[PDB]
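# pasting the first chains of the complex, positions unchanged:
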Amino acid sequence: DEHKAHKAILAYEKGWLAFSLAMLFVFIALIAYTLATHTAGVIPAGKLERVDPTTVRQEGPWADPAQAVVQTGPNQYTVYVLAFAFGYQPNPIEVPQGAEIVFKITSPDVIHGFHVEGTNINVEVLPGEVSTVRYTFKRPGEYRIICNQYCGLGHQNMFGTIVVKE
């Protein structure tokens, strides 16, 4: 007692750490698994791609709403989305399915969220930085985009749209 419980407490603590470690390694094994697959496309490009936010929507690919999308591969499309104070250009963004869409998102003002409802597309958009992500919706219909980073008084109202074609 007191000191017959101490050794047993120290003993079953030892197996817990052994077991809990393993289960984390199980977890590191399934996260790495997902990193090797396609769904790994959603991880924002690692390389820095600086922009001037004071000159983004006047010059370069973002300047023009009709220029938003561009075919860059055989079945690869690059969309130039611009997230700003309480909205997104283009609205709605129109994209085909079975097709890989390389979003290239930046902001001219402040930090905004880009959360495409029904997908894993969830990325912070930083002014003077372009967020580069890779996704393919096997699902056709109505994709809506949400701002999930506080970006001003109208933040709760800042919505957008990916028009994906069947």
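Now that the structure is in, tell me what you want to look at. Numbering: from 1, shown residues only, chains lettered A, B, ... in the order given.
# Please list all residues in contact with the residue lying farthest from the centre of chain A.
Distance from the centre of chain A peaks at residue A:1, with 55.3 Å (CA atoms, centre = their mean). Listed by CB atoms under 8 Å, 6 or more residues apart in numbering, residue A:1 has no contact partners. No exception for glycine: its C-beta is placed from N, CA and C like everyone else's.
# And it, how close does it get to residue A:10?
15 Å (CB to CB, to the nearest Å).
# got a list of contacts for the longest strand along chain A?
Longest strand in chain A, counting residues (DSSP state E): strand A:76-84. For strand A:76-84, the external contacting residues (CB under 8 Å, 6+ apart) are A:56-57, A:61-62, A:67-72, A:88-90, A:93, A:95-96, A:99-109, A:112, A:114, A:125, A:147, A:160.
# of the residues you listed, buried ones?
By neighbour count, with 16 or more other CB atoms under 10 Å, these hold A:56-57, A:62, A:68-69, A:88-90, A:93, A:95-96, A:99-108, A:112, A:114, A:125, A:147, A:160 as buried.
# Of those, which belong to strands?
Members of the buried ones among the contacts of strand A:76-84 lying in strands (criterion: DSSP E): A:69, A:88-89, A:93, A:95-96, A:100-106, A:112, A:114, A:125, A:160.
# Neighbours of residue A:14, how many?
10 (other CB atoms under 10 Å).
# would you say it is within a helix?
Yes: inclusion of residue A:14 in a helix is indicated when DSSP: H, G, I helix; E, B strand; the rest coil is applied.
# Quick check: it vs residue A:2, distance?
Taking CB to CB, one finds residue A:14 at 19 Å from residue A:2.
# can you check residue A:11 too?
Distance from residue A:11 to residue A:2, by CB to CB: 15 Å.
# Which one's more surrounded, these two?
residue A:11 (10 against 5).
# Is that one in a helix, a strand, or coil?
Relying on three-state DSSP, one would call residue A:11 helix.
# give me every residue that touches the nearest residue to residue A:138 once chain neighbours are set aside.
With CB to CB, 6 or more residues apart in numbering as the criterion, residue A:138 has its nearest non-adjacent residue at 7.0 Å, and that residue is residue A:97. If you count contacts by CB under 8 Å, 6+ apart, residue A:97 has them with A:136, A:137, A:138, A:139, A:140, A:164, A:165, A:166.
# hmm, try it at 7 Å
A:137, A:138, A:140, A:164, A:165, A:166 (CB atoms under 7 Å, 6 or more residues apart in numbering).
# Which one (most neighbours) among the residues you listed?
residue A:164 (23 neighbours).
# pretty sure that one is in a strand, no?
Yes: applying three-state DSSP, one finds residue A:164 inside a strand.
# Go ahead and add chain B:
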Amino acid sequence: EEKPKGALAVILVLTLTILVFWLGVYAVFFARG
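So, slotting chain B in with the rest:
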């Protein structure tokens, strides 16, 4: 006296709550993939 019975019961409940939650959202991750 002996075994951490109620203590191992607690870290069991925790272990089931981590799996329910973690595996349950590991599903949700692929279903929006």
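# The contacts of strand A:76-84 again please, chain B included this time.
With contact meaning CB atoms under 7 Å, 6 or more residues apart in numbering or on different chains, strand A:76-84 is reached by A:56-57, A:61-62, A:68-72, A:88-89, A:93, A:95, A:99-109, A:112, A:114, A:125.
# List the pairing partners of that strand within its sheet, with orientation.
strand A:69-71 (antiparallel), strand A:87-89 (antiparallel), strand A:100-106 (parallel) (DSSP bridges).
# between the ones you listed, which gets nearest to residue B:10?
Nearest of those to residue B:10, taken as CB to CB: strand A:100-106 at 45.1 Å.
# Restricting to C-alpha, output that closest one in PDB.
The C-alpha trace of strand A:100-106 is given here as PDB (Å, rounded to 0.1, in the frame of the first residue of the first chain):
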ATOM      1  CA  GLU A 100      -7.200  18.900 -62.400                       C
ATOM      2  CA  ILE A 101      -7.600  22.600 -61.300                       C
ATOM      3  CA  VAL A 102      -4.600  24.500 -60.200                       C
ATOM      4  CA  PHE A 103      -6.000  27.400 -58.100                       C
ATOM      5  CA  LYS A 104      -3.700  30.400 -57.800                       C
ATOM      6  CA  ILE A 105      -5.100  32.700 -55.200                       C
ATOM      7  CA  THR A 106      -3.900  36.000 -53.800                       C
END
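# How far away from the center of its chain is that strand?
Between the centre of strand A:100-106 and the centre of its chain there are 10 Å (CA atoms, centre = their mean, to the nearest Å).
# got the end-to-end distance for stretch A:126-145?
16 Å (CA to CA, to the nearest Å).
# mind listing what's buried in that stretch?
Buried residues in stretch A:126-145, counted by 16 or more other CB atoms under 10 Å in any protein chain shown: A:126-127, A:129-137, A:143, A:145.
# for stretch A:147-166, same thing?
Buried, per 16+ other CB under 10 Å, within stretch A:147-166: A:147, A:149, A:151, A:155, A:158, A:160, A:161, A:162, A:164.
# Find the closest residue to chain A in chain B.
residue B:33 (4.2 Å; CB to the nearest CB).
# so what's that residue up against?
Counting by CB under 7 Å, 6+ apart, residue B:33 has contacts A:39, A:120.
# Any figure for the gap between it and residue A:20?
28 Å.
# what does chain A put close to chain B?
Contacts of chain A with chain B, taken as CB under 7 Å from any CB of the partner chain, map to A:1, A:5, A:8, A:9, A:12, A:16, A:30, A:39, A:118, A:119, A:120.
# ok, of those, which one's closest to chain B?
Closest to chain B, out of all of the residues of chain A next to chain B and judged by CB to the nearest CB, is residue A:39, at 4.2 Å.
# neighbours around that closest one, how many?
18 (other CB atoms under 10 Å in any protein chain shown).
# for it, phi and psi?
phi -50, psi -10 (degrees, to the nearest 10).
# Chain C should go on the structure too:
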Amino acid sequence: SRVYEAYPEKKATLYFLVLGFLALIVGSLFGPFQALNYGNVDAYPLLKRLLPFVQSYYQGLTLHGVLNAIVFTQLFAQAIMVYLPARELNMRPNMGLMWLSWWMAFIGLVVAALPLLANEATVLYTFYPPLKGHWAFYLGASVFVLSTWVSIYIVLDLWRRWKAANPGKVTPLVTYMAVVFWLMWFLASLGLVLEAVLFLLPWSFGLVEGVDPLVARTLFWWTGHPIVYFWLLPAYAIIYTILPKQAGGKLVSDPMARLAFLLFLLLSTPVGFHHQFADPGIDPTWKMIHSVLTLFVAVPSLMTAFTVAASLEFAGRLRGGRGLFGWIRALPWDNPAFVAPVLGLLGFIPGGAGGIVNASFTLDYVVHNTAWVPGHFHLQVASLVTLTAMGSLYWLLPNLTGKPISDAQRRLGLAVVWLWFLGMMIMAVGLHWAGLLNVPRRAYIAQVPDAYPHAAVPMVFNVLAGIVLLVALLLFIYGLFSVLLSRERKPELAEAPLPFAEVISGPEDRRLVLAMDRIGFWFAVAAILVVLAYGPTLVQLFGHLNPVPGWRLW
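Placed with the earlier chains, chain C looks like this:
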């Protein structure tokens, strides 16, 4: 009073607490209305009639975030993690420097509060650039956080000096904690320090006109994540070394609690990238690295679960504890000092798995910035931590003042304490649910009613909870103010020792504890892992600065 002249450390400990609770109270007022906002109920026009100076939902959230999460918590850390070492060692802290850090704290709170209450810094508690507040907010932040740097020095002083009188003896438990705690806090502080000295301060003053968002929210997260542990460990200390007593037993292991506190000192700092999973400009590998390290930093808490659980089983068996669930019933369920923190540990449970999920690199994308995240931490800080704070007044409040606690306020506390856990559980159900359903956080969703129809049922709970937690709060204001404004004073229990718990110790202990007591060495290790974790990225970022201009969107 004779108390504050032989233990004036009891006077400076008292002020630190009240100041923080006044803030806690103020900031908590916006809680219910936000619980309503997330039940599709818009109660703010009502709030705007109540408090005329309040301009927007986001000003109310900023005040809610800052006052509860920054001021209240820091002041509480500074209290628990200076007074408890001082009393373990029976050494008076450097009273000169002790008061300085408080005046810094009060004046830093006053300076910062002015533009928040006048709506010239509605930028939330994360003050993400380019969102440009008033200089006087940023300046206010730095003075307040610098208060802890004096604190660090104070506890170190008490730890060097105790090492002197007992050369070669092992650092006593609590000191050891507070020490690794305070060191760990210093290492982390640097991320916010640099963000402040290099960007936010010269920027809000006018010296520069650009601030890079990406590096700004990185340095931030360098301090960012560990700060949560800086809130928490003050409870862990109390949970480890005071609770087993309050339960009627003994802390079943010394070397474990040290080991717990040792690891946090190691891994609390090099993990902040588990916040910037959805950020661009950061290498994917580095993210996985930090995610693995974040998985590892879950361990100390895991140990704590086992070590404390046992400490309340053993404490329960002593009370005449039965089989598998008998000892649970055997604990002192009439005790606000005991009940409060246990509850928070129960809520900490769904809290932890929530943290672990968020930690799994990719899995973040399911939940990042959803209502689920507020779900996560409301179970951690607002549940565990704040509860541990409240019920603790029931032994800490008499001890510093001599004011006795009636059986009325004692049960009043149980009322407040029970509601608060329940409400948080309701809310936890609500927020996570909404989080799984894409509901964003930091959102005034009641002004766009039809925007989120598919959230019918969890919206009930957040309304339900909102009522629940409105009631507990008032009771808390009343129940506390009853305790502070009664002239009932007993001089004897104001010199009574703090209810520290007995330390079950064995043969193996010494050898392991000693290695851990190599604090001068251990501090270098955690410092190195930080340069390994951040250094590569940081330097890659610092050579490619793109400063964007300031913005005001409130």
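# now that chain C has been added, could you go back to the contacts of residue A:97?
So residue A:97 contacts A:137, A:138, A:140, A:164, A:165, A:166 (CB under 7 Å, 6+ apart).
# same thing with residue C:85?
C:155, C:158, C:174, C:175, C:178.
# Out of these, which sit inside helices?
The members of the contacts of residue C:85 that map onto helices under DSSP state H are C:155, C:158, C:174, C:175, C:178.
# ok, and the most crowded of these?
residue C:178 (30 neighbours).
# Wait, it touches residue C:81, no?
Yes: here residue C:178 lies in contact with residue C:81, judged by CB atoms under 7 Å, at a distance of 4.8 Å.
# Leaving out chain neighbours, which residue sits closest to residue A:132?
Spatial nearest neighbour of residue A:132, excluding adjacent residues (CB to CB, 6 or more residues apart in numbering or on different chains): residue A:45 at 3.6 Å.
# Kindly report the same for residue C:468.
residue C:423 (3.9 Å).
# For the helix or strand hosting that neighbour, which helices and strands make contact with it?
Element membership for residue C:423, per DSSP states H and E: helix C:407-436. Under the contact definition 3 or more CB pairs under 7 Å, 6 or more residues apart in numbering or on different chains; DSSP states H and E, helix C:407-436 sits against helix C:336-359, helix C:372-377, helix C:386-401, helix C:456-484.
# if you set the cut-off to 10 Å instead, what comes out?
Packing partners of helix C:407-436 (3 or more CB pairs under 10 Å, 6 or more residues apart in numbering or on different chains; DSSP states H and E): helix B:5-31, helix C:30-37, helix C:336-359, helix C:364-367, helix C:372-377, helix C:386-401, helix C:456-484.
# Just the angle for the longest one relative to helix C:30-37, thanks.
Orientation note: helix C:456-484 sits at an angle of 170 degrees relative to helix C:30-37 (axes from the mean of the first three to the mean of the last three CA atoms, to 10 degrees).
# Could you export the helices and strands packed on helix C:407-436 as TSV, including mean neighbour count and distance to residue C:274?
Below are those laid out as TSV (neighbours: other CB atoms under 10 Å in any protein chain shown; distance: least, CB to CB, whole Å):
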stretch	mean neighbour count	distance to residue C:274
helix B:5-31	17	15
helix C:30-37	24	25
helix C:336-359	24	6
helix C:364-367	24	8
helix C:372-377	23	12
helix C:386-401	23	24
helix C:456-484	19	26
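# Ok, which of the ones you listed comes nearest residue C:300?
That would be, of those and by CB to CB, helix C:336-359, which comes in at 11.5 Å.
# That closest one near chain B anywhere?
Yes: using CB under 10 Å from any CB of the partner chain, helix C:336-359 reaches chain B at C:345-346, C:348-359.
# now these in TSV, with distance to chain A?
As requested, those are arranged in TSV below (distance: CB to the nearest CB, whole Å):
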residue	distance to chain A
C:345	17
C:346	19
C:348	16
C:349	15
C:350	18
C:351	17
C:352	12
C:353	12
C:354	15
C:355	13
C:356	8
C:357	10
C:358	12
C:359	9
